[PDB]
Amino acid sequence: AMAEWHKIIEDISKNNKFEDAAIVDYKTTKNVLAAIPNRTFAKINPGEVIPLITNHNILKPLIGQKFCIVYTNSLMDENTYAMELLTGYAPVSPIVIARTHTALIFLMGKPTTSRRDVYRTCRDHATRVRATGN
């Protein structure tokens, strides 16, 4: 599974619609498993993961030490496994977090990228990974 996390990031990186991405464990150590280098999501720490998976009412989470704003949250639902946010700083950009059996996939679009494209791209990656048991 470790190599595959990097393959997912590589695939995202080739697409000019996205600005940032990371895959972070949520089961055990909560370390960053793969990330686009030298951007915000590479800095996600365990204390940022726990509120996302625990607090039903999370609204202004810190992600890589910057605030984001939650506008839909079905992250812990087994059928949807996705949350939608906006950055809480300029330029306002769309974010989707999708949940596999063991990891969170964070994806940020450029400001011009549609909500649909970020959602479908992030969630489809999670759908594929879930089929492997990860």
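Note that residue numbering follows the sequence shown and begins at 1.
- Relative to one another, 35-43 and 71-79 have unequal mean CA B-factors, and 35-43 is the one with the higher figure.
- Comparing 91-99 with 49-57, the stretch with the higher mean C-alpha B-factor in the PDB entry is 49-57.
- Annotation for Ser114: C-alpha temperature factor in the middle third relative to the rest of the modelled chain, per the entry.
- The entry lists a Cα temperature factor for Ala1 that places it in the highest third of the chain's modelled residues.
- Sort the modelled residues of the chain by CA B factor and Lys14 lands in the highest third.
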